[PDB]
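Next comes entry26.cif, with mmCIF, C-alpha atoms and all ligand atoms.
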```cif
data_data
#
loop_
_atom_site.group_PDB
_atom_site.id
_atom_site.type_symbol
_atom_site.label_atom_id
_atom_site.label_comp_id
_atom_site.auth_asym_id
_atom_site.auth_seq_id
_atom_site.Cartn_x
_atom_site.Cartn_y
_atom_site.Cartn_z
ATOM 1 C CA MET A 1 44.708 -49.932 69.163
ATOM 2 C CA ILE A 2 45.791 -51.431 65.774
ATOM 3 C CA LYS A 3 46.558 -48.446 63.485
ATOM 4 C CA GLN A 4 46.535 -48.016 59.675
ATOM 5 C CA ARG A 5 50.050 -48.011 58.075
ATOM 6 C CA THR A 6 51.541 -46.301 55.015
ATOM 7 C CA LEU A 7 55.178 -45.913 53.822
ATOM 8 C CA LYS A 8 57.691 -43.716 55.751
ATOM 9 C CA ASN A 9 59.505 -42.663 52.504
ATOM 10 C CA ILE A 10 58.877 -42.961 48.728
ATOM 11 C CA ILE A 11 60.608 -45.882 46.870
ATOM 12 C CA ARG A 12 61.580 -45.985 43.149
ATOM 13 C CA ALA A 13 62.201 -49.218 41.098
ATOM 14 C CA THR A 14 62.671 -50.283 37.421
ATOM 15 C CA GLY A 15 61.753 -53.497 35.549
ATOM 16 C CA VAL A 16 60.029 -55.132 32.534
ATOM 17 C CA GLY A 17 56.349 -56.128 32.150
ATOM 18 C CA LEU A 18 56.139 -59.974 31.864
ATOM 19 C CA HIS A 19 53.604 -59.665 28.941
ATOM 20 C CA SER A 20 54.299 -56.182 27.451
ATOM 21 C CA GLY A 21 58.128 -56.556 27.564
ATOM 22 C CA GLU A 22 58.192 -52.768 28.292
ATOM 23 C CA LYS A 23 60.712 -51.054 30.623
ATOM 24 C CA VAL A 24 58.582 -49.600 33.493
ATOM 25 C CA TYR A 25 59.454 -47.071 36.260
ATOM 26 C CA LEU A 26 57.581 -47.708 39.558
ATOM 27 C CA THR A 27 57.114 -45.145 42.405
ATOM 28 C CA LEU A 28 55.486 -46.162 45.739
ATOM 29 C CA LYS A 29 54.457 -43.024 47.742
ATOM 30 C CA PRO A 30 53.004 -42.701 51.261
ATOM 31 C CA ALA A 31 49.211 -41.976 51.278
ATOM 32 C CA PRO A 32 46.692 -40.459 53.751
ATOM 33 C CA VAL A 33 44.447 -42.506 56.165
ATOM 34 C CA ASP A 34 41.641 -44.459 54.334
ATOM 35 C CA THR A 35 43.178 -44.013 50.827
ATOM 36 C CA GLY A 36 43.674 -47.780 50.224
ATOM 37 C CA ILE A 37 46.172 -48.880 47.482
ATOM 38 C CA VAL A 38 45.783 -46.662 44.337
ATOM 39 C CA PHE A 39 47.574 -47.457 40.994
ATOM 40 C CA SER A 40 48.534 -44.380 38.903
ATOM 41 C CA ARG A 41 49.397 -44.224 35.147
ATOM 42 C CA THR A 42 51.712 -41.135 35.298
ATOM 43 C CA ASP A 43 52.711 -41.585 31.562
ATOM 44 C CA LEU A 44 49.133 -40.476 30.567
ATOM 45 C CA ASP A 45 47.959 -36.803 30.382
ATOM 46 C CA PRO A 46 45.808 -36.384 32.271
ATOM 47 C CA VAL A 47 47.153 -39.032 34.779
ATOM 48 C CA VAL A 48 44.745 -42.012 35.404
ATOM 49 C CA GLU A 49 44.466 -43.569 38.942
ATOM 50 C CA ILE A 50 42.672 -46.961 39.516
ATOM 51 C CA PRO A 51 41.874 -47.980 43.133
ATOM 52 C CA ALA A 52 43.134 -51.557 43.792
ATOM 53 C CA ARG A 53 39.574 -52.880 44.450
ATOM 54 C CA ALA A 54 37.511 -55.918 43.195
ATOM 55 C CA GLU A 55 35.032 -53.623 41.331
ATOM 56 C CA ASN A 56 38.022 -52.381 39.139
ATOM 57 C CA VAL A 57 39.320 -55.846 37.970
ATOM 58 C CA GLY A 58 39.231 -56.292 34.138
ATOM 59 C CA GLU A 59 38.236 -59.506 32.242
ATOM 60 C CA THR A 60 41.998 -60.335 31.617
ATOM 61 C CA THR A 61 42.820 -64.069 32.216
ATOM 62 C CA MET A 62 46.678 -63.900 31.805
ATOM 63 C CA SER A 63 47.131 -61.854 35.085
ATOM 64 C CA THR A 64 45.227 -59.616 37.601
ATOM 65 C CA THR A 65 44.414 -56.377 35.652
ATOM 66 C CA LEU A 66 42.761 -53.147 36.903
ATOM 67 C CA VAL A 67 40.695 -51.080 34.364
ATOM 68 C CA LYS A 68 39.014 -47.648 34.178
ATOM 69 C CA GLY A 69 37.722 -46.684 30.678
ATOM 70 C CA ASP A 70 40.152 -48.066 28.033
ATOM 71 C CA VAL A 71 43.091 -47.497 30.511
ATOM 72 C CA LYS A 72 44.533 -50.673 32.194
ATOM 73 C CA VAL A 73 47.238 -51.699 34.701
ATOM 74 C CA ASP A 74 48.428 -55.314 34.164
ATOM 75 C CA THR A 75 49.910 -57.863 36.618
ATOM 76 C CA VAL A 76 49.169 -56.165 39.993
ATOM 77 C CA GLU A 77 48.992 -59.434 42.062
ATOM 78 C CA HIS A 78 52.693 -59.737 43.239
ATOM 79 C CA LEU A 79 52.964 -56.077 44.471
ATOM 80 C CA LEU A 80 49.529 -56.235 46.202
ATOM 81 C CA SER A 81 50.698 -59.585 47.710
ATOM 82 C CA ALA A 82 53.839 -57.742 49.059
ATOM 83 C CA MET A 83 51.726 -54.879 50.535
ATOM 84 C CA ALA A 84 49.307 -57.460 52.060
ATOM 85 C CA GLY A 85 52.332 -59.314 53.540
ATOM 86 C CA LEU A 86 53.611 -56.160 55.363
ATOM 87 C CA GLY A 87 50.106 -54.851 56.358
ATOM 88 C CA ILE A 88 50.191 -51.635 54.202
ATOM 89 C CA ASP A 89 46.775 -49.881 54.286
ATOM 90 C CA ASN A 90 47.612 -46.721 52.277
ATOM 91 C CA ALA A 91 49.967 -46.119 49.270
ATOM 92 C CA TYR A 92 50.046 -44.607 45.723
ATOM 93 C CA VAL A 93 51.749 -46.905 43.122
ATOM 94 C CA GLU A 94 52.943 -44.765 40.129
ATOM 95 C CA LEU A 95 53.765 -46.615 36.815
ATOM 96 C CA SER A 96 55.220 -45.150 33.533
ATOM 97 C CA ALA A 97 53.502 -47.968 31.466
ATOM 98 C CA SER A 98 50.497 -50.386 31.404
ATOM 99 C CA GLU A 99 52.171 -53.215 33.416
ATOM 100 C CA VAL A 100 53.835 -53.643 36.879
ATOM 101 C CA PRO A 101 57.520 -54.747 36.539
ATOM 102 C CA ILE A 102 57.887 -58.533 37.061
ATOM 103 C CA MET A 103 61.329 -58.083 38.765
ATOM 104 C CA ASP A 104 62.447 -61.681 39.709
ATOM 105 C CA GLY A 105 58.928 -63.298 39.338
ATOM 106 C CA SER A 106 58.188 -63.164 43.154
ATOM 107 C CA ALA A 107 57.276 -60.583 45.884
ATOM 108 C CA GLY A 108 60.812 -60.520 47.455
ATOM 109 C CA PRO A 109 62.115 -57.409 45.588
ATOM 110 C CA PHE A 110 58.822 -55.517 46.460
ATOM 111 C CA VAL A 111 58.925 -56.633 50.137
ATOM 112 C CA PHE A 112 62.636 -55.526 50.273
ATOM 113 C CA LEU A 113 61.834 -52.070 48.703
ATOM 114 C CA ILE A 114 58.887 -51.459 51.089
ATOM 115 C CA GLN A 115 60.849 -52.362 54.304
ATOM 116 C CA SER A 116 63.930 -50.505 52.916
ATOM 117 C CA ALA A 117 61.861 -47.239 52.992
ATOM 118 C CA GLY A 118 60.118 -48.173 56.318
ATOM 119 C CA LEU A 119 56.428 -48.184 57.503
ATOM 120 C CA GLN A 120 54.626 -45.186 59.143
ATOM 121 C CA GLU A 121 51.660 -45.893 61.489
ATOM 122 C CA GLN A 122 48.795 -43.338 61.155
ATOM 123 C CA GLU A 123 46.222 -41.986 63.707
ATOM 124 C CA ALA A 124 43.273 -44.155 62.510
ATOM 125 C CA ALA A 125 41.951 -47.656 63.390
ATOM 126 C CA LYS A 126 42.840 -50.419 60.882
ATOM 127 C CA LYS A 127 39.585 -51.970 59.565
ATOM 128 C CA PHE A 128 39.426 -55.772 59.055
ATOM 129 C CA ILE A 129 36.934 -57.889 57.090
ATOM 130 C CA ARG A 130 36.132 -60.840 59.448
ATOM 131 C CA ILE A 131 34.757 -63.989 57.696
ATOM 132 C CA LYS A 132 31.614 -64.997 59.719
ATOM 133 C CA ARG A 133 30.246 -67.781 57.385
ATOM 134 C CA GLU A 134 31.892 -70.279 54.966
ATOM 135 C CA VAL A 135 31.717 -68.926 51.340
ATOM 136 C CA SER A 136 32.535 -71.379 48.506
ATOM 137 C CA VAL A 137 32.694 -71.075 44.677
ATOM 138 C CA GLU A 138 33.327 -73.882 42.132
ATOM 139 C CA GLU A 139 33.635 -74.251 38.328
ATOM 140 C CA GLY A 140 34.502 -77.684 36.840
ATOM 141 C CA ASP A 141 37.173 -79.311 39.079
ATOM 142 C CA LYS A 142 38.367 -75.910 40.504
ATOM 143 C CA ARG A 143 37.254 -74.567 43.916
ATOM 144 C CA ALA A 144 37.964 -71.506 46.135
ATOM 145 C CA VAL A 145 36.670 -71.112 49.733
ATOM 146 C CA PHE A 146 36.601 -68.689 52.705
ATOM 147 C CA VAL A 147 36.191 -70.329 56.190
ATOM 148 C CA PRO A 148 35.930 -68.405 59.509
ATOM 149 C CA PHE A 149 39.327 -68.567 61.292
ATOM 150 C CA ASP A 150 40.583 -66.427 64.229
ATOM 151 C CA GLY A 151 43.697 -65.229 62.289
ATOM 152 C CA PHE A 152 44.928 -65.242 58.667
ATOM 153 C CA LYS A 153 45.735 -68.537 56.845
ATOM 154 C CA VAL A 154 45.971 -69.729 53.161
ATOM 155 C CA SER A 155 45.965 -73.431 52.052
ATOM 156 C CA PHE A 156 46.449 -74.323 48.348
ATOM 157 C CA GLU A 157 46.586 -77.454 46.147
ATOM 158 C CA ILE A 158 47.461 -77.869 42.414
ATOM 159 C CA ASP A 159 47.392 -81.099 40.295
ATOM 160 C CA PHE A 160 49.557 -80.890 37.108
ATOM 161 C CA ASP A 161 50.029 -84.280 35.364
ATOM 162 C CA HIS A 162 53.733 -83.395 34.796
ATOM 163 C CA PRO A 163 56.883 -85.240 36.032
ATOM 164 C CA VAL A 164 58.065 -81.991 37.825
ATOM 165 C CA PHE A 165 55.263 -82.468 40.506
ATOM 166 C CA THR A 169 54.457 -81.275 46.955
ATOM 167 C CA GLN A 170 51.382 -79.812 45.139
ATOM 168 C CA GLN A 171 49.803 -78.874 48.596
ATOM 169 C CA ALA A 172 50.781 -76.227 51.243
ATOM 170 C CA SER A 173 49.153 -74.550 54.315
ATOM 171 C CA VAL A 174 50.586 -71.384 56.021
ATOM 172 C CA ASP A 175 49.195 -69.601 59.159
ATOM 173 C CA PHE A 176 50.619 -66.051 58.670
ATOM 174 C CA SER A 177 50.081 -65.336 62.455
ATOM 175 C CA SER A 178 52.677 -68.194 63.125
ATOM 176 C CA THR A 179 54.775 -68.232 59.875
ATOM 177 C CA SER A 180 56.612 -65.372 58.048
ATOM 178 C CA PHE A 181 55.117 -64.273 54.695
ATOM 179 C CA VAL A 182 58.617 -62.803 53.968
ATOM 180 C CA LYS A 183 60.672 -65.992 54.571
ATOM 181 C CA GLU A 184 58.268 -68.786 53.484
ATOM 182 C CA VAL A 185 56.187 -67.260 50.592
ATOM 183 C CA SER A 186 57.567 -63.857 49.323
ATOM 184 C CA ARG A 187 60.550 -65.382 47.330
ATOM 185 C CA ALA A 188 58.195 -67.890 45.503
ATOM 186 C CA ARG A 189 58.435 -67.180 41.717
ATOM 187 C CA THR A 190 55.888 -67.501 38.818
ATOM 188 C CA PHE A 191 56.350 -70.434 36.383
ATOM 189 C CA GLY A 192 55.578 -71.257 32.712
ATOM 190 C CA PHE A 193 55.738 -74.388 30.496
ATOM 191 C CA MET A 194 58.058 -74.046 27.431
ATOM 192 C CA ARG A 195 55.191 -74.925 24.958
ATOM 193 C CA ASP A 196 52.723 -72.333 26.460
ATOM 194 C CA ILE A 197 55.496 -69.639 26.442
ATOM 195 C CA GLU A 198 56.307 -70.501 22.748
ATOM 196 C CA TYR A 199 52.552 -70.139 21.991
ATOM 197 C CA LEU A 200 52.127 -66.861 24.026
ATOM 198 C CA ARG A 201 55.253 -65.389 22.258
ATOM 199 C CA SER A 202 53.455 -66.167 18.927
ATOM 200 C CA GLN A 203 50.421 -64.121 20.193
ATOM 201 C CA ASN A 204 52.792 -61.159 21.113
ATOM 202 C CA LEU A 205 52.450 -62.061 24.870
ATOM 203 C CA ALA A 206 55.074 -62.988 27.569
ATOM 204 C CA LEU A 207 57.439 -60.482 25.794
ATOM 205 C CA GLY A 208 59.366 -59.787 29.071
ATOM 206 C CA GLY A 209 59.509 -63.451 30.218
ATOM 207 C CA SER A 210 62.969 -65.010 30.982
ATOM 208 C CA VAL A 211 64.773 -67.325 33.528
ATOM 209 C CA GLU A 212 65.577 -63.922 35.211
ATOM 210 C CA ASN A 213 61.867 -63.525 36.215
ATOM 211 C CA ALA A 214 60.348 -67.068 35.927
ATOM 212 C CA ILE A 215 60.808 -70.817 36.511
ATOM 213 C CA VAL A 216 60.806 -72.177 32.874
ATOM 214 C CA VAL A 217 59.682 -75.856 32.730
ATOM 215 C CA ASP A 218 59.821 -78.180 29.666
ATOM 216 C CA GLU A 219 58.050 -81.613 29.527
ATOM 217 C CA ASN A 220 60.282 -83.089 32.344
ATOM 218 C CA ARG A 221 62.368 -80.522 34.316
ATOM 219 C CA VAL A 222 63.181 -76.971 35.541
ATOM 220 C CA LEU A 223 65.424 -75.336 32.878
ATOM 221 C CA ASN A 224 66.610 -72.530 35.281
ATOM 222 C CA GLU A 225 70.318 -73.436 35.921
ATOM 223 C CA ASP A 226 70.065 -72.630 39.706
ATOM 224 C CA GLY A 227 66.811 -74.675 40.199
ATOM 225 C CA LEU A 228 64.041 -73.825 42.759
ATOM 226 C CA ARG A 229 64.016 -71.672 45.958
ATOM 227 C CA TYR A 230 61.520 -74.008 47.793
ATOM 228 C CA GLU A 231 60.774 -77.734 47.186
ATOM 229 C CA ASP A 232 57.094 -76.510 46.906
ATOM 230 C CA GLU A 233 57.854 -73.225 45.034
ATOM 231 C CA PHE A 234 54.981 -73.705 42.458
ATOM 232 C CA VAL A 235 52.169 -74.042 45.108
ATOM 233 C CA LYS A 236 53.792 -71.313 47.345
ATOM 234 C CA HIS A 237 53.576 -68.955 44.269
ATOM 235 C CA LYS A 238 49.837 -69.856 43.990
ATOM 236 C CA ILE A 239 49.518 -68.769 47.700
ATOM 237 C CA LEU A 240 51.424 -65.522 46.968
ATOM 238 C CA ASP A 241 49.064 -64.820 43.962
ATOM 239 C CA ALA A 242 45.871 -65.518 46.079
ATOM 240 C CA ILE A 243 47.165 -63.119 48.841
ATOM 241 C CA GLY A 244 47.547 -60.375 46.135
ATOM 242 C CA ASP A 245 44.003 -61.110 44.788
ATOM 243 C CA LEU A 246 42.465 -61.124 48.349
ATOM 244 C CA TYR A 247 43.923 -57.640 49.012
ATOM 245 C CA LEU A 248 41.455 -56.215 46.369
ATOM 246 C CA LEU A 249 38.851 -56.376 49.256
ATOM 247 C CA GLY A 250 40.469 -53.039 50.352
ATOM 248 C CA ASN A 251 40.683 -54.411 53.968
ATOM 249 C CA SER A 252 42.887 -57.122 55.626
ATOM 250 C CA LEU A 253 41.090 -60.453 56.185
ATOM 251 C CA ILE A 254 40.352 -62.303 59.460
ATOM 252 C CA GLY A 255 39.721 -65.844 58.183
ATOM 253 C CA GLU A 256 41.092 -68.699 56.082
ATOM 254 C CA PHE A 257 41.342 -69.220 52.255
ATOM 255 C CA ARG A 258 41.471 -72.611 50.468
ATOM 256 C CA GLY A 259 42.273 -72.998 46.763
ATOM 257 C CA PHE A 260 41.930 -76.185 44.722
ATOM 258 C CA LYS A 261 43.473 -75.632 41.217
ATOM 259 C CA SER A 262 42.050 -72.043 41.601
ATOM 260 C CA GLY A 263 43.344 -68.969 39.625
ATOM 261 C CA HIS A 264 42.554 -65.213 39.413
ATOM 262 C CA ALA A 265 39.163 -65.747 37.553
ATOM 263 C CA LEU A 266 37.686 -68.095 40.267
ATOM 264 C CA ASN A 267 39.614 -66.078 42.963
ATOM 265 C CA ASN A 268 37.708 -62.957 41.687
ATOM 266 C CA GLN A 269 34.308 -64.857 41.666
ATOM 267 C CA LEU A 270 34.991 -65.708 45.392
ATOM 268 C CA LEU A 271 35.818 -62.050 46.294
ATOM 269 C CA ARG A 272 32.598 -60.825 44.513
ATOM 270 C CA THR A 273 30.404 -63.598 46.083
ATOM 271 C CA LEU A 274 31.816 -62.681 49.565
ATOM 272 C CA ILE A 275 31.250 -58.878 49.134
ATOM 273 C CA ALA A 276 27.688 -59.566 47.823
ATOM 274 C CA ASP A 277 26.810 -61.785 50.893
ATOM 275 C CA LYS A 278 26.875 -59.251 53.817
ATOM 276 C CA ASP A 279 25.684 -62.054 56.244
ATOM 277 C CA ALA A 280 29.078 -63.807 55.761
ATOM 278 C CA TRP A 281 31.448 -60.924 56.861
ATOM 279 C CA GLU A 282 31.703 -57.862 59.167
ATOM 280 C CA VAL A 283 34.246 -54.977 59.335
ATOM 281 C CA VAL A 284 35.996 -54.950 62.786
ATOM 282 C CA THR A 285 38.604 -52.752 64.554
ATOM 283 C CA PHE A 286 40.717 -53.656 67.655
ATOM 284 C CA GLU A 287 41.179 -51.142 70.580
ATOM 285 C CA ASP A 288 43.695 -53.665 72.116
ATOM 286 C CA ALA A 289 46.307 -55.246 69.759
ATOM 287 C CA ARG A 290 47.015 -57.796 72.594
ATOM 288 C CA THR A 291 43.542 -59.541 72.433
ATOM 289 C CA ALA A 292 43.339 -59.407 68.558
ATOM 290 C CA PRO A 293 43.980 -62.473 66.327
HETATM 291 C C1 LIG B 301 66.035 -66.194 28.692
HETATM 292 O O1 LIG B 301 65.069 -67.115 29.172
HETATM 293 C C2 LIG B 301 64.486 -67.863 28.108
HETATM 294 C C3 LIG B 301 63.088 -68.276 28.458
HETATM 295 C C4 LIG B 301 62.164 -68.735 27.373
HETATM 296 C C5 LIG B 301 61.942 -67.411 28.037
HETATM 297 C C6 LIG B 301 60.832 -67.232 28.957
HETATM 298 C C7 LIG B 301 59.893 -66.977 29.682
HETATM 299 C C8 LIG B 301 58.723 -66.711 30.373
HETATM 300 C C9 LIG B 301 57.644 -66.679 30.930
HETATM 301 C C10 LIG B 301 56.341 -66.843 31.521
HETATM 302 C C11 LIG B 301 56.208 -67.259 32.846
HETATM 303 C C12 LIG B 301 54.958 -67.467 33.407
HETATM 304 C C13 LIG B 301 53.805 -67.264 32.663
HETATM 305 C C14 LIG B 301 52.445 -67.503 33.262
HETATM 306 O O2 LIG B 301 51.464 -66.872 32.880
HETATM 307 N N1 LIG B 301 52.339 -68.460 34.190
HETATM 308 C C15 LIG B 301 51.080 -68.878 34.795
HETATM 309 C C16 LIG B 301 51.347 -69.989 35.804
HETATM 310 C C17 LIG B 301 51.954 -69.469 37.102
HETATM 311 C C18 LIG B 301 50.757 -69.102 37.952
HETATM 312 N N2 LIG B 301 50.260 -67.758 37.695
HETATM 313 C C19 LIG B 301 50.915 -66.634 38.008
HETATM 314 O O3 LIG B 301 52.096 -66.585 38.358
HETATM 315 C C20 LIG B 301 50.095 -65.362 37.833
HETATM 316 C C21 LIG B 301 49.903 -65.049 36.354
HETATM 317 C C22 LIG B 301 51.222 -64.455 35.986
HETATM 318 F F1 LIG B 301 52.073 -65.513 35.670
HETATM 319 C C23 LIG B 301 51.696 -63.737 37.244
HETATM 320 N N3 LIG B 301 50.765 -64.144 38.306
HETATM 321 C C24 LIG B 301 49.718 -70.199 37.621
HETATM 322 N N4 LIG B 301 50.133 -70.680 36.290
HETATM 323 C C25 LIG B 301 49.558 -71.681 35.590
HETATM 324 O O4 LIG B 301 48.691 -72.368 36.113
HETATM 325 C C26 LIG B 301 49.969 -71.918 34.199
HETATM 326 C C27 LIG B 301 48.921 -72.433 33.245
HETATM 327 C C28 LIG B 301 49.982 -73.342 33.708
HETATM 328 C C29 LIG B 301 53.928 -66.854 31.341
HETATM 329 C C30 LIG B 301 55.175 -66.653 30.773
HETATM 330 ZN ZN ZN B 302 51.949 -64.977 40.122
#
```
Would you put the structure from the file into structure tokens?
Ligand SMILES: COC[C@@H]1C[C@H]1C#CC#Cc1ccc(C(=O)NC[C@H]2C[C@@H](NC(=O)[C@@H]3C[C@H](F)CN3)CN2C(=O)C2CC2)cc1
Ligand SMILES: [Zn+2]
Amino acid sequence: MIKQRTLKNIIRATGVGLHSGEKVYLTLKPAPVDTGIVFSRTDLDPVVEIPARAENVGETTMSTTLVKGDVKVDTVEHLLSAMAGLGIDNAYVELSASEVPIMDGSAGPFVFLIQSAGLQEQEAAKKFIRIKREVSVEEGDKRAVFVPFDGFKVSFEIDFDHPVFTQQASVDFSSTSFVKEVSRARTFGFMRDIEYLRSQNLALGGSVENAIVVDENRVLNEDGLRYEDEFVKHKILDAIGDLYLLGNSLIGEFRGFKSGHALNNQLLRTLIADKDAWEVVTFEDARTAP
């Protein structure tokens, strides 16, 4: 049967919040069967834990933020994307501040840390959400869609009227490596937006160390891009993080058109609300499973 996984060993890491600019200490701990992913603000007394679930997403439009009361955790999408990538069902994520460390702007450091400390299978069936019906959301010229698909796949398209722009990509994660083809894909910002956001006391941790910085014409980062299609691969990475807020791995296919975390969140909520469109499934034989 396909079994729930947690971590074998705890993992510690240090970084800076993209927005807060704060030094943050991160601890990933193993967790019992059916825990899910739980974020923990250890700096607070008493400690505040927010389950990494769609119901707990705050109305923050810079990044994916979890809330409970007036306590927040900012920029969860890259870490969740890394746990999604490696099929982690159960883990505590301890933080010493309000924001996940940005590290290098991608999921690579997080995927390295997780596999460094190993995975532990647990004596419980892994539960999957299987897409049964197409579910679509739009707003203006943006669109986000679930389609039934025997497997897991993400297609994305962006359309920036900028000289620096493939703006399309499609990855079947049952045939292609999350780790090799998507995990190293970094976040990106335009020089004028960064200048603005700095003026509003935001992007305080941003640098070429943790982002592709783009002016009107070109990539400013001396060493360039990691993929010809790094920008749209980072969109895929982000979506995979957002999807993992379902609290169960997906059997189906996602399509983004100029989508972001706000419309991504609308699609998760519309899916959860339409019980005709999905079922939870387990697999007694890993050999016959998609
Ligand atoms: C020493 O270096 C000097 C350079 C000048 C210093 C700097 C810096 C910085 C920065 C920075 C980078 C990125 C950003 C930033 O918020 N980028 C958003 C980008 C990338 C992608 N969203 C994501 O990645 C999401 C959100 C967060 F980004 C992490 N998950 C979609 N997206 C867009 O559509 C923007 C609107 C055009 C915001 C800020
Ligand atoms: Zn991102």
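You can rank A:8, A:221, A:127, A:238 by their closest distance to ligand ZN 302 (chain B) using only C-alpha atoms and all ligand atoms, and at the top of that list sits A:238.
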Quote the spacing between atom CA of residue 204 of chain A and atom CA of residue 159 of chain A in Å to one decimal place. 28.2 Å
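Considering the residues A:172, A:37, A:280, A:274 and counting only C-alpha atoms, residue 259 of chain A has its shortest atom-to-atom contact with A:172.
Atom pair atom CA of residue 241 of chain A / atom CA of residue 36 of chain A: separated by 18.9 Å.
Residues lying within 9 Å of residue 177 of chain A, counting all atoms listed in the file and ignoring same-chain neighbours fewer than 3 positions away, are residues 151, 152, 153, 174, 180 and 293 of chain A.
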Could you give me the residues within 12 Å of ligand ZN 302 (chain B), counting all atoms listed in the file, as a PyMOL selection string? chain A and resi 18+62-64+74-82+100+102-107+185-192+213-215+233-245+263-264
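Taking only C-alpha atoms and all ligand atoms into account, ligand LIG 301 (chain B) lies nearest to A:197 out of the set A:113, A:54, A:129, A:197.
Proximity ranking of A:12, A:5, A:258, A:142 relative to ligand LIG 301 (chain B) places A:142 first, based on all atoms listed in the file.
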Using all atoms listed in the file for the distances, tell me which of A:220, A:269, A:120, A:40 is nearest to residue 68 of chain A. A:40
Identify the residues around (62.9, -43.4, 39.2) within a radius of 7 Å, measuring from only C-alpha atoms in the coordinates stated by the file, and give them as a ChimeraX atom specification. /A:12-13,25-27
Step by step, work through what the PyMOL selection byres (((chain A and resi 226) around 12) and not hetatm) selects in the shown file, and finish by giving those residues as a compact mmCIF listing (two decimals) with C-alpha atoms, in the coordinates of the input.
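To be explicit, this is the file written out as selection_17.txt:
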```txt
# COMPACT_ATOMS: atom_id res chain seq x y z
CA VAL A 211 64.77 -67.32 33.53
CA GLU A 212 65.58 -63.92 35.21
CA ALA A 214 60.35 -67.07 35.93
CA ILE A 215 60.81 -70.82 36.51
CA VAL A 216 60.81 -72.18 32.87
CA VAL A 222 63.18 -76.97 35.54
CA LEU A 223 65.42 -75.34 32.88
CA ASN A 224 66.61 -72.53 35.28
CA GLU A 225 70.32 -73.44 35.92
CA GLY A 227 66.81 -74.68 40.20
CA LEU A 228 64.04 -73.82 42.76
CA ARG A 229 64.02 -71.67 45.96
CA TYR A 230 61.52 -74.01 47.79
```
Specify as a PDB file with C-alpha atoms, in the frame of the given file each residue included when the PyMOL selection byres (((chain A and resi 257) around 6) and not hetatm) is applied to this file.
```
ATOM      1  CA  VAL A 145      36.670 -71.112  49.733  1.00  0.00           C
ATOM      2  CA  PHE A 146      36.601 -68.689  52.705  1.00  0.00           C
ATOM      3  CA  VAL A 154      45.971 -69.729  53.161  1.00  0.00           C
ATOM      4  CA  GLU A 256      41.092 -68.699  56.082  1.00  0.00           C
ATOM      5  CA  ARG A 258      41.471 -72.611  50.468  1.00  0.00           C
TER       6      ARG A 258
END
```
Enclose ligand LIG 301 (chain B), meaning all of its atoms listed in the file, in a box aligned along x, y and z, pad it by 5 Å on each side, and list the centre and edge lengths in Å to one decimal, as AutoDock Vina command-line options.
```
--center_x 57.4 --center_y -68.5 --center_z 32.9 --size_x 27.3 --size_y 19.6 --size_z 21.0
```
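The spacing separating atom CA of residue 87 of chain A from atom CA of residue 175 of chain A amounts to 15.0 Å.
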Evaluate the PyMOL selection byres (((chain A and resi 19) around 6) and not hetatm) and report residues as an mmCIF file with C-alpha atoms, keeping the file's coordinate frame:
```
data_model
loop_
_atom_site.group_PDB
_atom_site.id
_atom_site.type_symbol
_atom_site.label_atom_id
_atom_site.label_comp_id
_atom_site.auth_asym_id
_atom_site.auth_seq_id
_atom_site.Cartn_x
_atom_site.Cartn_y
_atom_site.Cartn_z
ATOM 1 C CA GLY A 17 56.349 -56.128 32.150
ATOM 2 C CA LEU A 18 56.139 -59.974 31.864
ATOM 3 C CA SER A 20 54.299 -56.182 27.451
ATOM 4 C CA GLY A 21 58.128 -56.556 27.564
ATOM 5 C CA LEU A 205 52.450 -62.061 24.870
ATOM 6 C CA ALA A 206 55.074 -62.988 27.569
ATOM 7 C CA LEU A 207 57.439 -60.482 25.794
ATOM 8 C CA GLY A 208 59.366 -59.787 29.071
#
```
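Distances here use all atoms listed in the file; by that measure, the residue among A:158, A:137, A:284, A:131 closest to residue 255 of chain A is A:131.
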For a quick check of your reading of the model, name the residues lying within 8 Å of the coordinate (47.6, -58.2, 54.1), counting all atoms listed in the file, and write them as a VMD selection string. chain A and resid 81 83 to 88 243 247 251 to 253
Nearby residues (all atoms listed in the file) at most 8 Å from residue 24 of chain A, same-chain spacing under 4 positions excluded, as a PDB file with C-alpha atoms, in the coordinates of the input:
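Wrote out-v9.pdb, looks like this:
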```pdb
ATOM      1  CA  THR A  14      62.671 -50.283  37.421  1.00  0.00           C
ATOM      2  CA  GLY A  15      61.753 -53.497  35.549  1.00  0.00           C
ATOM      3  CA  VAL A  16      60.029 -55.132  32.534  1.00  0.00           C
ATOM      4  CA  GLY A  17      56.349 -56.128  32.150  1.00  0.00           C
ATOM      5  CA  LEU A  95      53.765 -46.615  36.815  1.00  0.00           C
ATOM      6  CA  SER A  96      55.220 -45.150  33.533  1.00  0.00           C
ATOM      7  CA  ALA A  97      53.502 -47.968  31.466  1.00  0.00           C
ATOM      8  CA  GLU A  99      52.171 -53.215  33.416  1.00  0.00           C
ATOM      9  CA  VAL A 100      53.835 -53.643  36.879  1.00  0.00           C
ATOM     10  CA  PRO A 101      57.520 -54.747  36.539  1.00  0.00           C
TER      11      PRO A 101
END
```
